[PDB]
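Below you'll find only one chain, the form deposited in one PDB entry, shown as C-alpha cells.
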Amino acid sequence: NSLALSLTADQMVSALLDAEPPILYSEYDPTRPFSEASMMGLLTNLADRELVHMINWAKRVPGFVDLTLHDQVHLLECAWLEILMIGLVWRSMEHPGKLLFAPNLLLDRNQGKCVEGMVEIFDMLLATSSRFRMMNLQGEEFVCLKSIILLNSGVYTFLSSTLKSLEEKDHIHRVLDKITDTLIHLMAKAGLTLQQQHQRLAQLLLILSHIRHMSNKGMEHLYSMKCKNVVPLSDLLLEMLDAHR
C-alpha cells in the first residue's frame, strides 16, 4: 500500500527533482568583517528557514508520507543536519574553496576563523565539495543521495520502547532499495559499464559516512555555541538540536 514502489526509475528521479527546496538568501547587509556573533546569527537564521522547506521536501520524497508521524519525526530529527550539509556541499560545488551558504553569503575558509572551532567544520565541508566536483556528481545523483540520508540515517535507531530492540522497518528498506535501483539506472544511462556502475555507487555511499561524521561534529559545535549562548537559536532549531543531546 505504497505508491513509491510502483514508480519507474524515470518517475523516481522526476519526483525527487520536483521536490527540491528553494535556494534562500541571507539577510542583506554589506557590513564586513563578520563578528562571531554576526556570522552565527546569519548561519542559524538561515538554517532555521531552510528547515521549514526541508519538511516540505521530505513530505514529497516517495514513501515518506506512508510512514507514521512518529517515524517521520524520528527520521528528520536524526538526519536534519546531514541534509542541510549535503545540500550546502552541492550548492558549493562550482565554487572551489568556498561554501555557498546562500547566493549572497559565499564564505571562504578564512571566514570560518570568525567563529571559534568552526574552521574544522568548514575544512571538512570544503573537502566534501571538492570530492563531489572531482566525481562530477550530477543533480540527479545528488537528489537520490539526499533522500537516502533522510531514510537511512535514523533507520537503525528505531528501538522498541521497552527492551529497546531493533524494530525492523521493511517499508523504509524497500524504498531505499528502489532509490539504489534508481541510482544505478542513472549511471547506466550516463554510459557507465557495470563495473563502473558498482564502483561509483560505492564511492557515493561511502561519502555518506563522512557526511555523518560532519553532522556529528557540527552538532557538537552548535551545542557548544548555544551553551556559551552567543547566538539565540530558534525554538525549532533548539528542538532539532535537543533530539541528539
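The first residue of the shown sequence is 1; numbering continues from there. Residues that one form lacks are left out of the comparison. Rigid core here is just the name for the largest C-alpha set that superposes within 1.5 Å across the two forms.
Missing-residue flag, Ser153, threshold a third of other entries: No, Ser153 has coordinates in all the other entries compared.
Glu168 unmodelled in at least a third of other compared entries: Yes, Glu168 lacks coordinates in at least a third of the other entries compared.
197 to 205 or 26 to 34, whichever carries the higher mean Cα B-factor: 26 to 34 has the higher mean C-alpha B-factor.
Mean C-alpha B-factor comparison - 87 to 95 and 161 to 169, higher one: Per the deposited B-factors, the answer is 161 to 169.
Residue with highest C-alpha B-factor in the PDB entry, from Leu151, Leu105, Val119, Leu125: Out of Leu151, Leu105, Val119, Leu125, the record gives the largest C-alpha B-factor to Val119.
CA B-factor ranking of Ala79, expressed as a third of its chain: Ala79: CA B-factor falls in the lowest third of its chain.
B-factor third for the C-alpha atom of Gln72 within its chain: It falls in the bottom third of the chain.
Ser147, C-alpha B-factor rank within chain (lowest, middle or highest third): Tercile = lowest for this residue's CA B-factor.
CA B-factor placement of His53, once the chain's modelled residues are sorted into thirds: Lowest third of the chain for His53's C-alpha B-factor.
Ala190, C-alpha B-factor rank within chain (lowest, middle or highest third): For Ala190, the deposited C-alpha B-factor lands in the highest third.
Form deposited in another entry: not shown, discussed below.
C-alpha of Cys227 moved at least 2 Å between this form and the one not shown on rigid core: Result for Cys227: yes, a 2 Å-plus shift.
Closer or farther: C-alpha pair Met124/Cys227 in that other deposited form, relative to this form, given a change of 3 Å or more: Distance between the C-alphas of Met124 and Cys227: shorter in that other deposited form, by 3 Å or more.
Sense of CA distance change between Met225 and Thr44 in that other deposited form, threshold 3 Å: Note: Cα gap between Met225 and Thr44 widens in that other deposited form.
Mobile segments between this form and the one not shown - rigid core superposition, Cα shift of 2 Å or more, 3+ residues: CA shift runs, sequence order: 30 to 34, 224 to 228.
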